[PDB]
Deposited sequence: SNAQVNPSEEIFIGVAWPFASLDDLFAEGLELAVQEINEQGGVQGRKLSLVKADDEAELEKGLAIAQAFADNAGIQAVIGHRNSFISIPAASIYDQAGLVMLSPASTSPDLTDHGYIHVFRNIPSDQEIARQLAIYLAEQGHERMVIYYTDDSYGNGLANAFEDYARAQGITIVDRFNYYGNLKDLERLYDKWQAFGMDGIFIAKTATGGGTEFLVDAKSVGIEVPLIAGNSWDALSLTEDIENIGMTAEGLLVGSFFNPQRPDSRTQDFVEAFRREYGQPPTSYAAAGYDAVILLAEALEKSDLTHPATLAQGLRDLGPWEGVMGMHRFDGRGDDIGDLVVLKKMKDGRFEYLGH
């Protein structure tokens, strides 16, 4: 009379309205009659953004015959190894936040994300920036697999747009040396900086330091920056609450009425994940969760609050889901 979806997320450490978006979707699914006549419930586990806790949660979900699918995890360094446990168990893992390209590069069959990867975000950013007249840019990046990853993706797409990367760097010691870098960048004709560092991983510090030194050029970053020195910052992300679409607007109004504040991109990704999984589960054999992955692929294009979703053979979401967001007066405007 009851079925369960597992959710693994750093619930306690983040004020990101993710739980609210999940809860709104579950309420909607139950109001419409549940899944195969059964009430839908969530089993929430907090991975504290820690790999060891994440792997333990993954095994606990995988060993529980009552879990039909899992939504999670948030951080790619947890989702990638946790996905091995879910994949070997034949249990769907659907991530609403992990953007590393590597997630879908391990031959897994049960592993999905319902948001664009870093590579798709980079591709759309390069297109936009070139149309805006960028020609010579600098990349500030984290010298790890994820930082090198997004940096190399952006450089490759920017090059195809006729943008030259005139310098890339991963460290500066103090503001004086950032001044010296900015002098070199001016001599190279710099017109913008792409920050391939996460906001919590040194990104925000650079933003503040850049303003101190007087760096004038546009700053561009990826999805961790969705979560007022930032005036004019361009962010490649997902979810447009101003999208003039019935589904997006029904969600925005419902979310506002229930929770008394605007939904975040994570509330939206969580909501679409629950709705997507419930639709696939309606049509599936609930006694065999290893059949659900094919059912998700069988949906083909599927309309959600984020836009149109579609899973490919590797589990990437190839829908046109990227939304470019620009900071104006402490608020994102939507391009």
Handout entry: Unmodelled intervals of the deposited chain, in order
Key = 1-8, 236-246, 355-356
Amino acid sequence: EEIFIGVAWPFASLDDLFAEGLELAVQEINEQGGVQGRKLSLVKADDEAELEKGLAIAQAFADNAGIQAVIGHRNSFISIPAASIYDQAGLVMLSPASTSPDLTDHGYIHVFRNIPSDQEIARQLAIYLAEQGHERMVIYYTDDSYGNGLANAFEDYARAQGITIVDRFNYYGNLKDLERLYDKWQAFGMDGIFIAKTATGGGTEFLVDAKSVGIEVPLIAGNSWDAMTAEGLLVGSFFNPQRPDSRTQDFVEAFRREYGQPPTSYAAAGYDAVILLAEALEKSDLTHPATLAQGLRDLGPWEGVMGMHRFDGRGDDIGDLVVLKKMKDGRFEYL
From here on, numbers count along this sequence of modelled residues.
Exercise for the section: Decide which of the stretches 15-23 and 321-329 has the higher mean C-alpha B-factor, going by the entry. Expected result: 321-329
Completion exercise
Comparing 216-224 with 113-121, the higher average Cα temperature factor in the PDB entry belongs to 216-224
Problem - Candidate set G236, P96, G202, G192 [ranked by C-alpha B-factor, highest] - result: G202
Exercise for the section: Go through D46, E31, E282, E50 one by one and give the residue whose Cα B-factor in the PDB entry is largest. Expected result: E31
Problem - Third assignment of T248 from its chain's C-alpha B-factors - result: middle
Practice task
Would you mind checking where the Cα B-factor of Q88 ranks among the modelled residues of its chain, as the lowest, middle or highest third?
Solution key: lowest
Handout entry: Third of the chain's Cα B-factor distribution that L207 belongs to, per the entry
Key = highest
Handout entry: Chain thirds of CA B-factor: placement of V166
Key = middle
Completion exercise
Chain thirds by Cα B factor, record data; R74 belongs to the lowest
